[PDB]
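J.: The structure follows.
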Amino acid sequence: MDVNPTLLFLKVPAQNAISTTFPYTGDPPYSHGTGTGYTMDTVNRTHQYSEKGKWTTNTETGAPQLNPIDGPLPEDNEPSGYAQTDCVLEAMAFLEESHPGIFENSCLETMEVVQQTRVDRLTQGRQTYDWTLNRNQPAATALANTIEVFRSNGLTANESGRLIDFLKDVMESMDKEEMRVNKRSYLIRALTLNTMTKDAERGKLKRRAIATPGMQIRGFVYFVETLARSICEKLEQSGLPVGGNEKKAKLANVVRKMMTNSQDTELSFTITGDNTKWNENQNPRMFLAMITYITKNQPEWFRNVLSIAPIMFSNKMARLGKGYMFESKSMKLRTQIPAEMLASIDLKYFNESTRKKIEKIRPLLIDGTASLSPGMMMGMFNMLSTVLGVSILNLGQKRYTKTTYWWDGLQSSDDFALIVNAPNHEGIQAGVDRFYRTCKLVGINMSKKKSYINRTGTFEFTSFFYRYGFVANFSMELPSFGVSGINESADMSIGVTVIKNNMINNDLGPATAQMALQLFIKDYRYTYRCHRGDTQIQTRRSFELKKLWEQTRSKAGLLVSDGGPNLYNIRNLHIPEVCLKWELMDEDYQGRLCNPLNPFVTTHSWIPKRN
Amino acid sequence: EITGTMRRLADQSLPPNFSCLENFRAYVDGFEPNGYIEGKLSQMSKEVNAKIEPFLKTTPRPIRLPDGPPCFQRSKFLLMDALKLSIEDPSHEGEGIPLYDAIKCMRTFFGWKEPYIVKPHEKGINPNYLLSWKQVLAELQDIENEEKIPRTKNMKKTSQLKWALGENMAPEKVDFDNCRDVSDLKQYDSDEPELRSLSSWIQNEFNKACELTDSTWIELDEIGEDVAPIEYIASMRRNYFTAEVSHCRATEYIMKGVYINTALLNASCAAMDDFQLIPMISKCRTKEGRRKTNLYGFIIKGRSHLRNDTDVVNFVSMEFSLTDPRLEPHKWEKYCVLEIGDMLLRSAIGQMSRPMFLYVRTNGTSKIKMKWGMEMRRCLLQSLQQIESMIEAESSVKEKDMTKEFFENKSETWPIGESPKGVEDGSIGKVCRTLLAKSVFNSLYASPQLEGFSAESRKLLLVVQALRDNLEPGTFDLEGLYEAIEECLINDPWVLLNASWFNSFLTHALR
Amino acid sequence: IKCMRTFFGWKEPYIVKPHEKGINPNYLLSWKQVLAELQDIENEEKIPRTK
Amino acid sequence: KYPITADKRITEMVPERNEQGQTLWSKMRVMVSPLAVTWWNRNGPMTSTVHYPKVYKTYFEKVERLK
Amino acid sequence: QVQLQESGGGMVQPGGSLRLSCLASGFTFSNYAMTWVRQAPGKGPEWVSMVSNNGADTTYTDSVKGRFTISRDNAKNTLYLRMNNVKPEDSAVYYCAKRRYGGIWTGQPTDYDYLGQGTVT
RNA sequence: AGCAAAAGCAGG
């Protein structure tokens, strides 16, 4: 006899059993090799996407920069990031006409936050790119680095404590011709963006090569993303800032609002999918135009300090990475070759696919780091791109499509789910071809390979699969369910809090969460050796546990790390442990516990010796 | 505080039509919509347009699996053919440093013939692995009989092991200028690997690996009492689940893998410069006796300095085996089988007295794969998550909300079996077992081929459900899906078998 | 050691019988040395056959 | 062994070894053993003060809502 | 009405095994924890084991660890007890009882209900 | 030799 899980997937509904196609219960593949090849291929691809677009060299950089906007209309259905700014502006105009007062209110929220904000918040990031060592490093060291170099500079904003003056003086000394780095080299070094191959990319075969920005642009993107968070919060079609079960309800609510078919003489289909090349075919020029339109009738300085992000998006010279590691076959010897010399080396040592890639990029190499700005930086949490693409969905208000058919839905950073109506398959085909065309006229490229379309009731979006009324979700996988490794007092607390967060936010059912706590306490005891008092397992410690366990008066009322039982369950997870045990304990134990005489302070808590 | 140079960069960042920031700002602030979009649309080429089509019933051809050599196993430890030398139920207070429990179990078995190879490797040097195994046995007897009981033993350097791990195989870093004169150099042999064809062996391994073993293989402790309703529902679901799962052979692989990877990571973080012996030791409680430390097989860990987690560590692995090779020589092109004599199995009549062979293959795993093989209890948990998701879906479509409706009833409601001119149906037991083992093999044969296949089969199967329920689905480009699937089907047998399963599913579904 | 490890019920040592000759505390501390030596060797050394 | 770190003040209160003899603290502050904790909780000063529910009595209020 | 009828007992030889079953009827079974309590002829009873509602929290006497295994099946509302390595002193009359509360540790082992039978070896 | 992949390890 043969066996197959695919036939349980035959009968069973696909969306409910969809997790069976979620094989991520094991380590992600990762990139052992330097991502630089994938980087070169991504840059090759985007510059091929905009090859019709002209480029002109930027001043003081030496670098070709391509501006796809006002390029021609594309020729073929193969994607291409060709758009027209007028589309963007009329889109935003129809948006503000639809949502009056939203722009000014979000603008005022941006004013008050920039006035109240402080530098202290940004430094709690992960792996901002430093420029001194020319390598990605933590953010605290990054802030120390920039404030000390600024103390060396003629500016004094690091002493101010405020943030927008800090950004301004960053800009001022950034315009300086020397720090020990000349102006051209310094502007190439400030705009530089590490390549840093993607890790943990679940659901592909080749790698995206997420590139990351530096701290200096981080505050500008922070301000503009705060605006985006405000405006999307006041929006009803965003998917990113809306989250949890509220987002879960928002999905169902928009499909409710559009699936209600009054005078249902018209058939209806509801696309889902994934807009390929999102980080490539988009552009910062459209973002700058949007920004200029969004803060209409506002303080001019605010306009400028929020327009500064898309311009430095509009010219960026990311690195390539480490380089390669050539090797001798006969003599059997190898070396790493930093690609900073790659604009000098012959085209014979390499692999042929690699060779053709080099000659494609070798013209586009200035200081060795590749220059490009027809396309967005890979893997930023921009979400103003959602503010863009949602306007397309807003165009399908029947006032403004000005025809019988019309679209609407929601759209996160890469996923999208339209909902249309028209009197026939022919009319729906007409309107959806119109949409796809429009969406390309703004420079957004809906893939024709890994997308699809269907009657209403079933549609994917952001992995929150929505069958007719069921809203199963597989956004993020369960993580670890193991100890945090600090002490027997808080590790347990940390684990329970993590379990609570992931049952309240995500779809950790209680049926698995009790089992998770079960594995957690197993690991807790096996790590700190401290099984139950009333047991038969041996270790170092078990003497004192079998001693205290009879020493007590109330037996089950004991903390777990000393012989105690675990009274937790899904009812009482937010609370700590000793609150649940306190008045179930006798005064001897309780007096021994909470006492300042302990060196431990909470007596279970402590600091381990460093190693 | 723009300083103008930013106004320079800005004016250079804009579209070609507008040459300044200020004219741009004035245009935008003085902007209005005039219906440009319709002129743009009518202006456009009609070629640029996404045309729907009927994703018809007969359209999706059977995905063609790649052709080439047969698929070959790559697991870090064999799965069906292995066996375990029991310890026969030691006491409860006696802890054991694992070497001595292993040694006790190896000491239990007699039936060791002279070693002579049974399978020609066809590459490498088979005698050297024979002499490696010899070194192992000799080192073990010699340490334990006549030394001061070392907790952990690291082997002696020899021609055999040092060959099988290649401590000389490393080349050395050098500068560019000194070697640029050389022309032998190449960037790297960075290219696609050899194709592989599906075969029957992996299917048999899976069938055996879903099957019930006899022991219990996992315990589970107590937690705070149950008062609220949702607590009771969680309790009953998890109890059903673990009771059904515990008698798996998948769970056997789970605890085996976890102990193996924990031991290796302990060693590598704690010991790098030394060939270490470790057993594939696992703790299992007998259904009717005491805790039993099973000895699956020995390991000879190779030296491991992990400057990064991604780095590979190589080693050698010895796991005993009853079933002969040469019945399925395609399954291993990689093993190096020895003969180690007879083991006197007892059947209901007579005595079997089958020979005993050993599969001293070599390998190398990772740091990362070791971590994620340590965390397969998560994978068990994930199987539970999936089943619970199924049941909550059935509870949303029907307000009965009855877990008990499926967990225990004798009702043929789940097909997982394909037979000649037939389809078999099973209960939730076999299916929980199977989902688990699928996830375990995902954890064992994790490979980007799998993830690509998973996404693409997911999208196409979703389309096929949309089709089979008469939801008028459409797809713009389909052969893109097919070629990308064929791109991701490179060599991995598990991927290949999921693909043949997809195929036969298409056929028996008829979409 | 396994058998001594089995038993729990160890109070503090205080003599119960006056020897009336010699020095009782010294034998108490001898027994203390025994227990300490045994726990210390077995927990954190390379398993010496004879101590 | 000796995961835990703590001051020299503990050295006065508790011995270097327990009844079995296995050690609670040793010098190269002093490293302390987890056994040292479970020796405190068997024998230590018992005091009926309720100052520590200064703020920990808050969580009891949240549990009264449950039960 | 609440009644607990037990069975499965009998004569055995020292060092053997036995599987005691307890059928309860008349109340909500899955809610209350259960207990085995034995009594030797001449000596007052002593609690043998206490088992939870989930069947995850189990506790035995200080002299029966490793030899016993208590469990329960909620379908037939029944209680199982596996006794292995029967010592001669375990020769007593065994009792199946239903705790006051649904807990195990909250309160000392005492019961408030009826009983069935128990064999001796 | 191996691991595993459109690039790296096989110690520095």
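Laboratory data are not the source of any read-out in this text; all were calculated from the coordinates shown. All Cβ positions, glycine included, derive from the backbone under ideal geometry; neighbour counts span all protein chains shown.
J.: Hey, any idea what Rg/Rh is for segment E:73-119, computing Rh the Kirkwood way over Cα pairs?
T.: Rg/Rh: 0.99.
J.: On average, how many beta carbons from a partner chain sit within 10 Å of the beta carbon of a residue in B:373-385?
T.: Whole-number average of other-chain Cβ neighbours for B:373-385 is 6.
J.: Taking Cα pairs under 8 Å and at least six residues apart, what relative contact order does chain E come out at, in percent?
T.: Result for chain E is 35 percent.
J.: Points 7 angstrom from Cα along the Cβ direction at A:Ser152 and A:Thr59: gap in nanometres?
T.: A separation of 2.8 nm, rounded to one decimal place.
J.: Right, next: Computed from the mean reciprocal separation of all distinct C-alpha pairs, what Kirkwood hydrodynamic radius does segment B:110-244 have, in Å?
T.: Here the Kirkwood hydrodynamic radius works out to 23.1 Å.
J.: Provide the three semi-axes, in whole Å and in decreasing order, of the ellipsoid equivalent to segment A:257-371 as defined by the square roots of 5 times the Cα gyration tensor eigenvalues.
T.: 47, 27, 11
J.: Here is a follow-up. Please state the relative contact order of segment A:339-483 as a whole percent: Cα pairs under 8 Å, 6+ residues apart?
T.: 11
J.: Quick one: grab Rg to one decimal and Dmax as a whole number for segment A:531-571, Cα atoms only, in Å.
T.: 10.6, 34
J.: What ratio of Cα Rg to 2.2 N^0.38 Å holds for chain B?
T.: 1.27
J.: Just want the ordering: A:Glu109, B:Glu114, A:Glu460, from fewest to most Cβ atoms lying within 10 Å of their own Cβ.
T.: B:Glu114, A:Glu109, A:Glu460
J.: Still on this structure, I have one more. Starting from the Cα of A:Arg126, step 7 Å along the direction of its Cβ; do the same at A:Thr527; then give the gap between the two resulting points in nm.
T.: 1.9
J.: Which residues among segment A:1-35 fall inside the zone where the amide N is under 13 Å from a point 7 Å beyond the Cα of B:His508, along Cα→Cβ?
T.: Label zone hits: A:1-12.
J.: Report the Cα centroid-to-centroid distance between segment C:11-51 and segment B:194-245 in angstrom, as an integer.
T.: For segment C:11-51 versus segment B:194-245, the Cα centre distance is 51 Å.
J.: For chain E, take the alpha-carbon Rg, divide it by the Kirkwood Rh, and send me Rg/Rh.
T.: Result: Rg/Rh = 0.93.
J.: Then there's this: Could you give the radius of gyration (one decimal) and Dmax (whole number) of the Cα atoms in chain A, in Å?
T.: Rg and Dmax of chain A, Cα atoms, are 28.9, 86 Å.
J.: Same structure again: What is the spin-label model distance, in nm, from C:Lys17 to A:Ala140 if the labels are put 7 Å beyond Cα along the C-beta direction?
T.: Distance between label points: 6.5 nm.
J.: When only C-alpha pairs under 8 Å and at least 6 residues apart count, what is the relative contact order of chain B, in percent?
T.: The normalised contact order for chain B reaches 22 percent.
J.: Can you give the average number of partner chain beta-carbon atoms within 10 Å of each beta-carbon in peptide C:1-13, as a whole number?
T.: Counting other chains' Cβ atoms within 10 Å and averaging over C:1-13 gives 3.
J.: Under the definition of partner shielding as Cβ atoms of other protein chains within 10 Å of a residue Cβ, what is the mean value for peptide A:322-329?
T.: Counting Cβ atoms of other protein chains within 10 Å of each residue's Cβ and averaging gives 5.
J.: Return the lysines within reach of B:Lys438: Cα separation strictly under 22 angstrom, same-chain partners fewer than 8 residues apart disregarded; answer none if there are no such residues.
T.: Reachable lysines: A:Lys11, A:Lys204, B:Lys76, B:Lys208, B:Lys256, B:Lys331, B:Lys369, B:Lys371, B:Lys430, B:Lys459.
J.: A follow-up question, please. Hey, fewest Cβ within 10 Å first, where do B:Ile125, B:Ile391 land in order?
T.: Starting with the residue having the fewest Cβ neighbours, the order is B:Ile125, B:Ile391.
J.: Can you give the translational diffusion coefficient of the protein assembly as shown in µm²/s, computed by Stokes-Einstein from the Kirkwood radius over Cα pairs at 4 °C and 1.567 mPa s?
T.: Result for D is 36 µm²/s.
J.: Find, among the chymotrypsin sites (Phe, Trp or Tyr not before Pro) in chain C, those assigned to loop by DSSP (not H, G, I, E, B) with at most 15 other beta-carbon atoms within 10 angstrom.
T.: Sites meeting the loop and neighbour criteria: C:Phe7, C:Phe8, C:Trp10, C:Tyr14.
J.: Then there's this: Show the residues, 5+ positions off or on another chain, whose built amide H is closer than 5 Å to the amide H of A:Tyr452.
T.: Amide H neighbours of A:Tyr452: A:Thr272.
J.: A further question on this structure: Where the only charges are on Cβ atoms (+1 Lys, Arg; -1 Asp, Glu), what is the dipole of chain E about its Cα centre, to the nearest 20 debye?
T.: In debye, rounded to 20, chain E gives about 140.
J.: Over what distance in Å are the Cα centres of segment B:280-343 and segment D:15-31 separated?
T.: Segment B:280-343 and segment D:15-31 have Cα centres separated by 42 Å.
J.: Within 10 Å, count the other beta carbons around each residue, average over each peptide in E:74-80, A:186-192, and list them highest first.
T.: Output ranking for E:74-80, A:186-192: A:186-192, E:74-80.
J.: Working out 0.36 nm times the residue gap between B:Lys371 and B:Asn207, then minus their Cα-Cα distance, what length gain in nm do you get to one decimal?
T.: Once the chain is fully extended between B:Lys371 and B:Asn207, it gains 56.4 nm.
J.: When ranked by the protection proxy of mean other Cβ atoms within 10 Å per residue, highest first, what sequence do the peptides B:261-269, A:258-266, E:60-68 form?
T.: Ranked from most to least packed, the peptides come out as B:261-269, E:60-68, A:258-266.
J.: What's the ranking of A:60-73, B:414-427 by average number of surrounding C-beta atoms within 10 Å, highest first?
T.: A:60-73, B:414-427
J.: What's the exposure ranking of B:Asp175, A:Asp562, going from fewest to most Cβ atoms within 10 Å?
T.: Ordered by Cβ neighbours within 10 Å, fewest first: B:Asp175, A:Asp562.
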